[PDB]
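Have a look at protein_33.pdb below; it lists PDB, N, CA and C atoms.
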```
ATOM      1  N   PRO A   1      -0.809 -13.292  -9.236
ATOM      2  CA  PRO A   1      -0.510 -13.052  -7.799
ATOM      3  C   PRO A   1       0.501 -11.920  -7.611
ATOM      4  N   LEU A   2       1.778 -12.225  -7.824
ATOM      5  CA  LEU A   2       2.835 -11.229  -7.677
ATOM      6  C   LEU A   2       3.353 -10.760  -9.026
ATOM      7  N   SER A   3       2.566 -10.987 -10.059
ATOM      8  CA  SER A   3       2.926 -10.537 -11.397
ATOM      9  C   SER A   3       2.696  -9.038 -11.460
ATOM     10  N   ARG A   4       2.547  -8.474 -10.272
ATOM     11  CA  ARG A   4       2.282  -7.077 -10.078
ATOM     12  C   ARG A   4       3.463  -6.386  -9.429
ATOM     13  N   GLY A   5       4.152  -7.134  -8.587
ATOM     14  CA  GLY A   5       5.263  -6.583  -7.857
ATOM     15  C   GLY A   5       4.769  -5.888  -6.612
ATOM     16  N   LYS A   6       3.911  -6.583  -5.861
ATOM     17  CA  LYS A   6       3.344  -6.029  -4.637
ATOM     18  C   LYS A   6       4.421  -5.604  -3.667
ATOM     19  N   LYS A   7       5.645  -6.033  -3.925
ATOM     20  CA  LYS A   7       6.770  -5.624  -3.085
ATOM     21  C   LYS A   7       6.744  -4.105  -2.982
ATOM     22  N   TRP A   8       6.107  -3.522  -3.981
ATOM     23  CA  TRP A   8       5.920  -2.077  -4.074
ATOM     24  C   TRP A   8       4.855  -1.660  -3.107
ATOM     25  N   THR A   9       3.813  -2.487  -3.041
ATOM     26  CA  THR A   9       2.685  -2.253  -2.163
ATOM     27  C   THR A   9       3.214  -2.004  -0.779
ATOM     28  N   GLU A  10       4.355  -2.597  -0.519
ATOM     29  CA  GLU A  10       5.048  -2.420   0.732
ATOM     30  C   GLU A  10       5.207  -0.933   1.008
ATOM     31  N   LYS A  11       5.431  -0.197  -0.066
ATOM     32  CA  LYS A  11       5.593   1.238  -0.012
ATOM     33  C   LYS A  11       4.270   1.923   0.151
ATOM     34  N   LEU A  12       3.237   1.284  -0.325
ATOM     35  CA  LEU A  12       1.921   1.853  -0.215
ATOM     36  C   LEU A  12       1.302   1.295   1.009
ATOM     37  N   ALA A  13       1.720   0.087   1.313
ATOM     38  CA  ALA A  13       1.315  -0.508   2.544
ATOM     39  C   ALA A  13       1.802   0.448   3.614
ATOM     40  N   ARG A  14       2.737   1.330   3.195
ATOM     41  CA  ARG A  14       3.280   2.329   4.086
ATOM     42  C   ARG A  14       2.907   3.738   3.634
ATOM     43  N   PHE A  15       2.443   3.890   2.383
ATOM     44  CA  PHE A  15       2.113   5.223   1.890
ATOM     45  C   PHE A  15       0.655   5.349   1.494
ATOM     46  N   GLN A  16       0.098   4.294   0.930
ATOM     47  CA  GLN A  16      -1.310   4.301   0.560
ATOM     48  C   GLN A  16      -2.179   4.678   1.760
ATOM     49  N   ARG A  17      -1.582   4.593   2.950
ATOM     50  CA  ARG A  17      -2.243   4.930   4.208
ATOM     51  C   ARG A  17      -3.191   6.100   4.037
ATOM     52  N   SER A  18      -2.776   7.026   3.191
ATOM     53  CA  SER A  18      -3.555   8.221   2.881
ATOM     54  C   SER A  18      -5.038   7.898   2.808
ATOM     55  N   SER A  19      -5.313   6.706   2.315
ATOM     56  CA  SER A  19      -6.680   6.226   2.170
ATOM     57  C   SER A  19      -6.860   4.878   2.857
ATOM     58  N   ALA A  20      -5.744   4.214   3.142
ATOM     59  CA  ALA A  20      -5.784   2.908   3.798
ATOM     60  C   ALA A  20      -6.528   2.985   5.123
ATOM     61  N   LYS A  21      -6.396   4.120   5.785
ATOM     62  CA  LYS A  21      -7.069   4.360   7.048
ATOM     63  C   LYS A  21      -7.846   5.655   6.961
ATOM     64  N   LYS A  22      -8.859   5.606   6.144
ATOM     65  CA  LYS A  22      -9.736   6.747   5.904
ATOM     66  C   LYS A  22     -10.610   7.049   7.121
ATOM     67  N   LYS A  23     -10.697   6.097   8.042
ATOM     68  CA  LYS A  23     -11.494   6.275   9.247
ATOM     69  C   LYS A  23     -10.742   5.760  10.466
ATOM     70  N   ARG A  24      -9.554   6.306  10.682
ATOM     71  CA  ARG A  24      -8.725   5.916  11.812
ATOM     72  C   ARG A  24      -8.612   7.068  12.809
TER      73      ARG A  24
END
```
Let me see the structure of the file written as structure tokens.
Amino acid sequence: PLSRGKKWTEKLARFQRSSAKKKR
């Protein structure tokens, strides 16, 4: 589950946007 450190995803949840909203 969090053996990944998704707390980081928070940053991508904010930066991954680059592709997170490929059709926004």
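Note that CA of residue 7 (chain A) and atom C of residue 24 (chain A) are 25.5 Å apart.
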Note to self: One decimal, in Å: what's the spacing between atom C of residue 6 (chain A) and atom C of residue 23 (chain A)?
What the structure shows: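 These atoms are spaced 23.6 Å apart.
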Check: Rounded to one decimal in Å, what is the spacing between CA of residue 5 (chain A) and CA of residue 17 (chain A)?
Finding: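 One can read the CA of residue 5 (chain A) to CA of residue 17 (chain A) distance as 18.3 Å.
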Edge lengths and centre in Å to one decimal, as lines of an AutoDock Vina configuration file, is what I'm after for the box along x, y and z that holds all listed atoms of region 1-13 of chain A once 6 Å is added on each side.
```
center_x = 3.0
center_y = -5.7
center_z = -3.9
size_x = 19.6
size_y = 27.2
size_z = 27.1
```
Next item on the list: Taking the chain letters and numbering used in this document, name the residues of chain A that DSSP puts in helix (DSSP H, G or I), as a ChimeraX atom specification.
Entry: /A:6-12,17-20
